[PDB]
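As they're listed, the protein sequences go chains A and B. Per the deposited numbering, residue 54 is the first one in the first sequence, and the count goes up by one each step. Per the deposited numbering, residue 55 is the first one in the second sequence, and the count goes up by one each step. All C-beta atoms in this analysis are idealised placements derived from N, C-alpha and C, irrespective of residue type, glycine included. The next block holds one structure in the form of structure tokens; read it before the comments.
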Amino acid sequence: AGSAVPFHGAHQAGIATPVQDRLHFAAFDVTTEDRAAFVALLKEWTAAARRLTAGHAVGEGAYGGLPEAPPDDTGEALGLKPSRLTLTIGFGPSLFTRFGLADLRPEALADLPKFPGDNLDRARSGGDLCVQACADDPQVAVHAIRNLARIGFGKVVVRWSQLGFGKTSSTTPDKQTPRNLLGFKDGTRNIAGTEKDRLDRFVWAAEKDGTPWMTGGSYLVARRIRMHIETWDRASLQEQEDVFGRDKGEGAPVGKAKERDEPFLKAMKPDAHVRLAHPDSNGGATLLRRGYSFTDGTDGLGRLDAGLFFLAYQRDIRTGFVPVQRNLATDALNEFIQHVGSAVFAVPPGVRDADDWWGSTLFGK
Amino acid sequence: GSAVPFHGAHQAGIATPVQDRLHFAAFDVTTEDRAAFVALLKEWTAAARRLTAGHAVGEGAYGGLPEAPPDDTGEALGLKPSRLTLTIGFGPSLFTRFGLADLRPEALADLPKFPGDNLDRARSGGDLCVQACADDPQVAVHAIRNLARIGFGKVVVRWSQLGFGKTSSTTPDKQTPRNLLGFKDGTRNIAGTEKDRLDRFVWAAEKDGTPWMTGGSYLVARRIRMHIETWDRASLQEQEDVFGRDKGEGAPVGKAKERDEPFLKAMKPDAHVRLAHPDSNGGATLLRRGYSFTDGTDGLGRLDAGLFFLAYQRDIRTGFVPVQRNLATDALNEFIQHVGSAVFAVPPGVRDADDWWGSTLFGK
Ligand code: HEM
Ligand code: HEM
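This is the structure in structure tokens:
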């Protein structure tokens with residue numbers, strides 16, 4: 054409908070929120086050594102985010118100013134609706150080496166171990182901070198990231214960015230589950246925005262967890278995963294279904310007639326993705342997945358290049374992504390994918406009201 | 055609307071309404087066997103019929119023999135036709151194969167080198183193209199991916215470009231879209247409703263000199279990067295002076311409304327609109343059908359974004375060429391760079407359920 058998603062709250066939007074059709078994800082590095090200047094930026098960014106998420110232009114607007122001045126807003130979202138835009142900020146481990154923050158780095162913001170099979174591009178990994186922009190309109194998402202980058206010129210730079218052309222995740226099990234580029238429904242067994250108890254248990258950090266400023270935030274893992282499309286497209290229908298443990302057309306667990314019927318894991322192959330990723334196979338570890346598909350032109354060698362930009366939110370990286378990904382070491386899916394970029398971020402609690410600002414719990418004041 | 059008819063005197067995706075998203079692929083041929091290529095064209099035509107109606111190619115994406123790879127890769131299951139159009143074109147380089155050298159249309163002219171060109175050959179050219187336009191990007195991607203799969207062994211993908219325009223579920227269809235410079239883009243263009251203009255400026259006629267192309271058109275593609283960060287540092291007046299229109303309303307200098315006809319004399323001499331207008335080009339007029347693109351961040355931290363420019367015309371020598379030549383002194387040149395280029399002869403339409411892409415070139 055193009056409606057707005059509320060920006061303020063106990064949590065940042067863009068996590069439990071219904072998954073929007075498009076993604077523009079940007080990782081930034083910090084260039085200023087001046088803590089007071091960074092705080093000033095965080096406040097200016099928050100003010101811009103309030104405008105952008107309501108479908109308004111930043112600052113004084115896109116036109117009507119002094120002819121000799123550059124417009125405050127770049128203008129390409131004029132005439133567009135809010136489009137369910139959310140903007141979610143996160144702080145990477147590397148941020149805590151700056152501004153005297155070292156003693157505030159959360160233990161739950163754990164560096165990932167190395168995993169077998171990966172080929173991580175360092176230039177498109179890491180980052181001192183991130184902004185996840187999600188919207189139903191790609192032009193609204195690009196506009197938001199572009200204007201935040203411009204406001205930040207001189208104090209932060211974009212390290213890397215990723216566009217997602219379509220979602221591969223669901224926080225709304227009452228709606229149709231999207232399909233990834235392997236042709237399978239993706240998001241069936243996730244966490245719903247309406248599952249407040251499971252979000253509290255698996256997603257939101259608590260004060261007793263050890264880092265008071267993170268109370269009401271979450272921890273994000275991003276993995277850019279290339280898909281070996283040519284090899285997958287040669288596989289038989291049975292081979293593809295065996296890889297996942299679900300049938301392709303309906304997406305039901307093996308032996309079942311309906312997508313949402315609960316899996317009987319023992320009937321899956323022992324290396325099936327669902328069998329290895331399920332919480333019951335991981336001592337209860339559960340993720341909020343929120344990823345998107347991507348294309349990246351060609352491989353320069355006659356083939357389309359595409360994949361999945363995987364995003365997982367959890368209350369503690371040590372009890373979420375890390376154990377699950379370790380259990381995927383024998384995943385049959387590994388034959389068809391390769392992880393090629395990675396980053397982790399501590400996503401702070403929400404912007405409480407119009408006087409609050411991104412990062413206020415961490416920076417004080 | 056939900057779907058666009060695939061059959062016609064013309065191929066759809068030219069004069070038909072502009073869809074929200076693009077997946078454009080250029081292919082190169084990897085077979086020397088003309089009969090095998092004709093067999094592929096027929097197979098691709100059969101697939102396009104299915105795809106443009108929201109159906110899976112071949113026997114489908116599941117339900118077949120378990121030991122067989124499915125005929126369709128499945129990522130459009132549960133989606134809609136989404137106004138998908140699939141438009142095929144033949145590049146100059148195709149005509150060196152299959153004995154077609156004497157059938158290359160004279161109106162399929164190689165573009166000259168233009169001032170400021172910085173073309174990436176890897177993202178230029180192509181023996182063939184398929185333009186997939188749809189409202190849902192996944193429908194467009196699925197079509198391209200499956201056509202490439204069907205063709206693998208006889209064609210490969212040379213380059214691939216995704217693009218976007220308006221989001222029609224939330225943006226009114228009459229509203230002109232804005233490009234990534236923040237200006238309305240498309241105000242003075244040929245419309246699919248202007249049947250006589252299409253005959254004058256877009257469709258090839260038999261007497262033009264290439265009978266098999268009658269009812270086709272010629273396509274120019276230019277991948278045009280914008281220097282986003284420098285543009286955003288320009289003053290409002292500088293930006294408006296570059297185009298000859300105001301930014302907010304998109305009206306010409308000295309007018310009040312977007313669609314008021316321009317008074318070219320009131321624009322700066324090197325304004326884009328003043329140089330591009332048909333009155334500045336001996337009447338030359340284009341059907342522009344391009345899409346914005348954003349491919350991420352370059353190695354310098356700058357937005358890799360711009361316009362994937364597409365123009366259809368009755369003859370490349372009388373459409374794109376004179377107009378682009380007239381843009382040599384464009385004030386816009388400071389903020390843009392042409393980085394990829396290709397031309398294609400887009401054949402006439404698939405006439406009925408027994409016809410096939412390229413039947414007039416290869417013969418029935
Ligand atoms: C290209 C890479 C991947 C693809 C194509 C993929 C695909 C799928 C599909 C088709 C399903 C079944 C439907 C669903 O319930 O969502 C699924 C489930 C799941 N995936 Fe993945 N996945 C990928 C990577 C990962 C990674 C990296 C992780 C975690 C480290 C992960 C964790 C999970 C979990 C936890 C489930 C739900 C299992 C359950 O509780 O039933 N997946 N995935
Ligand atoms: C990034 C590159 C470009 C941008 C941002 C751009 C933008 C614009 C804008 C804002 C307008 C005015 C609104 C309209 O009538 O559509 C316009 C008009 C036009 N442009 Fe472009 N343009 C670009 C490249 C080109 C190229 C490469 C050509 C042809 C070689 C071209 C040909 C035209 C024509 C024919 C018009 C209509 C002029 C008239 O008849 O009033 N443009 N363009």
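Task: Any chain B beta carbon closer than 8 Å to residue 284/A - done: To locate residue 284/A, count along the first sequence from 1; it is residue 231. No, residue 284/A does not count as interfacial toward chain B.
Task: Selection from 264/B, 269/B, 235/B, 237/B that minimises the alpha carbon distance to residue 249/B - done: Your numbering for residue 249/B matches position 195 in the second sequence. Per the Cα distances, 269/B.
- [ ] Note the first and the last residue of the continuous alpha helix (DSSP H) segment covering residue 252/B.
- [x] In the second sequence, counting from the first residue as 1, residue 252/B sits at position 198. Counting along the chain, the alpha helix (DSSP H) containing residue 252/B begins and ends at 249 to 255.
Open item on the list: Taking the beta strand (DSSP E) that residue 293/A belongs to, which residues open and close that run?
Closed with: Here residue 293/A refers to the residue found at position 240 when the first sequence is read from its first residue. It is not in any beta strand (DSSP E) - residue 293/A instead sits in the alpha helix (DSSP H) that spans 290 to 297.
Open item on the list: If you reduce the DSSP assignment to three classes, tell me which class residue 139/B lands in.
Closed with: Here residue 139/B refers to the residue found at position 85 when the second sequence is read from its first residue. In the structure shown, residue 139/B sits in a strand (DSSP, three-state: E or B).
- [ ] Assign residue 152/A to one of two classes, buried (16 or more other C-beta atoms within 10 Å of its C-beta) or exposed (fewer than that).
- [x] Residue 152/A sits at position 99 when you count from the first residue of the first sequence. Answer is buried; the Cβ neighbour count reaches 16.
Task: residue 301/B: contacting residues in chain A (beta-carbon distance under 9 Å) - done: Taking the first residue of the second sequence as 1, we reach residue 301/B at position 247. Ordered by position in chain A, the residues that pass the 9 Å Cβ test against residue 301/B are 115, 116, 124, 128, 131.
TODO: Tell me where the alpha helix (DSSP H) around residue 98/A begins and ends.
DONE: Your numbering for residue 98/A matches position 45 in the first sequence. Here the alpha helix (DSSP H) through residue 98/A covers 88 to 106.
- [ ] Keeping to the same chain, check which residues put their C-beta closer than 8 Å to that of residue 304/B; ignore five residues upstream and five downstream.
- [x] Within the second sequence, numbered from 1, the residue matching residue 304/B stands at position 250. 230, 237, 238, 241, 312, listed in sequence order.
TODO: Please specify which runs of the beta strand (DSSP E), each continuous and at least 3 residues long, are wholly inside the region 183 to 231 of chain A, giving them in chain order.
DONE: 209 to 217
Task: Three-state class that DSSP yields for residue 306/A in the structure shown - done: Stepping through the first sequence from its first residue, residue 306/A is reached at position 253. Looking at residue 306/A - three-state DSSP - the assignment turns out to be strand.
Open item on the list: Taking 8 Å as the threshold (C-beta atoms), are residue 232/B and residue 179/B in contact?
Closed with: Here the question's residue 179/B lines up with position 125 in the second sequence. Here the question's residue 232/B lines up with position 178 in the second sequence. A distance of 8 Å or more separates the beta carbons of residue 179/B and residue 232/B.
- [ ] Give the interface partners of residue 276/A over in chain B, defined as CB-CB distance under 7 Å, in chain order.
- [x] Residue 276/A sits at position 223 when you count from the first residue of the first sequence. Against chain B, a Cβ distance below 7 Å from residue 276/A picks out nothing, because the smallest value is about 16 Å.
Task: Any non-hydrogen atom of ligand 1 closer than 7 Å to residue 84/A Cβ - done: In the first sequence, the residue the question calls residue 84/A occupies position 31. Incorrect: residue 84/A has no Cβ contact closer than 7 Å to ligand 1.
Task: residue 289/B to residue 197/B span [Cα, whole Å] - done: Residue 289/B sits at position 235 when you count from the first residue of the second sequence. Residue 197/B sits at position 143 when you count from the first residue of the second sequence. Between the alpha carbons of residue 289/B and residue 197/B lies a gap of roughly 43 Å.
TODO: Closer than 7 Å by beta-carbon distance: list the chain A residues that pair up with residue 83/B, in chain order.
DONE: Here residue 83/B corresponds to residue number 29 of the second sequence, with the count starting at 1. Result: empty, since nearest Cβ-Cβ is about 11 Å, beyond 7 Å.
Open item on the list: Pairs of beta-carbons, one from the region 118 to 128 of chain A and one from the region 157 to 170 of chain A, closer than 8 Å: are there three or more?
Closed with: no
Open item on the list: Residues of the region 287 to 317 of chain A in Cβ contact with chain B at a cutoff of 9 Å, in chain order, please.
Closed with: 287, 288, 289, 290, 291, 292, 293, 294, 300, 301, 302, 303
- [ ] Would you decide whether residue 127/A is buried or exposed? Buried here means 16 or more other CB atoms lie within 10 Å of its CB.
- [x] For the purposes of this step, residue 127/A is taken as residue 74 along the first sequence, with counting starting at 1. So residue 127/A ends up on the buried side.
Task: Contact test: residue 309/A Cβ vs ligand 2 heavy atom, cutoff 7 Å - done: As a position in the first sequence, residue 309/A is number 256, starting the count at 1. Checking every heavy atom of ligand 2 against the Cβ of residue 309/A, none is found closer than 7 Å.
Task: Nearest residue (CA-CA) to residue 98/A, options 333/A, 287/A, 183/A - done: Counting from one through the first sequence, the residue named residue 98/A turns up at place 45. The candidate whose alpha carbon is nearest that of residue 98/A is 183/A.
TODO: Determine, using beta-carbon pairs with one atom in the region 189 to 207 of chain B and one in the region 322 to 340 of chain A, whether at least three such pairs fall under 8 Å.
DONE: no
Task: Any C-beta of chain A under 8 Å from that of residue 141/B - done: Locating residue 141/B in the second sequence gives position 87, where the first residue counts as 1. Taking Cβ atoms only, chain A never reaches closer than 8 Å to residue 141/B, which makes this a no.
TODO: Give a yes or no on whether the minimum CB-CB distance between residue 344/B and chain A is below 8 Å.
DONE: What you label residue 344/B is simply residue 290 of the second sequence in a count that begins at 1. It does not; no Cβ of chain A falls within 8 Å.
Open item on the list: For ligand 1, is there any heavy atom lying closer than 7 Å to the beta carbon of residue 240/A?
Closed with: The residue labelled residue 240/A in the question sits at position 187 within the first sequence. The answer is yes for residue 240/A.
Task: Under 8 Å from the C-beta of residue 355/B: neighbouring residues of chain A - done: Translated into the one-based positions of the second sequence, residue 355/B becomes position 301. Simply 210, 211, 212.
TODO: Quick one: residues in its chain with C-beta nearer than 8 Å to the C-beta of residue 170/B, no 5 flanking neighbours on either side, listed in chain order?
DONE: Position 116 of the second sequence, counting from 1, holds the residue named residue 170/B. Excluding sequence neighbours, residue 170/B sits near 387, 391, 392.
Open item on the list: Quick check: residue 140/A and residue 55/A, are their CB atoms within less than 8 Å of each other?
Closed with: Reading the first sequence from its first residue, position 87 is the one you call residue 140/A. Reading the first sequence from its first residue, position 2 is the one you call residue 55/A. No, the Cβ-Cβ distance between residue 140/A and residue 55/A is not below 8 Å.
Open item on the list: Considering only DSSP beta bridges, list what residue 405/B is partnered with.
Closed with: As a first step, residue 405/B must be located in the second sequence, where it is residue number 351. Answer by DSSP bridge pairing: none, since residue 405/B is not bridged.
Task: Contact list for residue 203/A against chain B, beta-carbon separation under 7 Å - done: By one-based count along the first sequence, residue 203/A stands at place 150. Neighbours of residue 203/A on chain B, chain order: 286.
Open item on the list: Please determine whether the Cβ atom of residue 340/B lies at a distance below 7 Å from any heavy atom of ligand 3.
Closed with: Annotation note on ligand 3: not contained in the displayed structure, which lists ligand 1 and ligand 2 as its ligands.
- [ ] Using only the heavy atoms of ligand 2, determine whether one of them is closer than 7 Å to the beta carbon of residue 297/B.
- [x] Here residue 297/B is taken as the residue at index 243 of the second sequence, counted from 1. Answer for residue 297/B: yes, Cβ within range of ligand 2.
- [ ] Excluding the 5 residues preceding and the 5 following residue 344/B in the sequence, name in chain order all residues of the same chain whose CB lies nearer than 6 Å to its CB.
- [x] As a working mapping, residue 344/B is identified with position 290 in the second sequence. Here the set comprises 361, 362, 363, 364.
Task: residue 125/A vs residue 132/A beta-carbon contact at 8 Å - done: Here residue 125/A corresponds to residue number 72 of the first sequence, with the count starting at 1. Here residue 132/A corresponds to residue number 79 of the first sequence, with the count starting at 1. Taking 8 Å as the Cβ cut-off, residue 125/A and residue 132/A do not qualify as a contacting pair.
Open item on the list: Just to confirm, is the Cβ distance from residue 272/B to residue 384/B under 8 Å?
Closed with: Locating residue 272/B in the second sequence gives position 218, counting from the first residue. Locating residue 384/B in the second sequence gives position 330, counting from the first residue. No, the Cβ-Cβ distance between residue 272/B and residue 384/B is not below 8 Å.
Open item on the list: Taking the alpha carbon of residue 220/A as the reference point, which residue from 394/A, 210/A, 187/A, 208/A has its own alpha carbon closest?
Closed with: Position 167 of the first sequence holds residue 220/A. Among 394/A, 210/A, 187/A, 208/A, the Cα nearest to that of residue 220/A belongs to 187/A.
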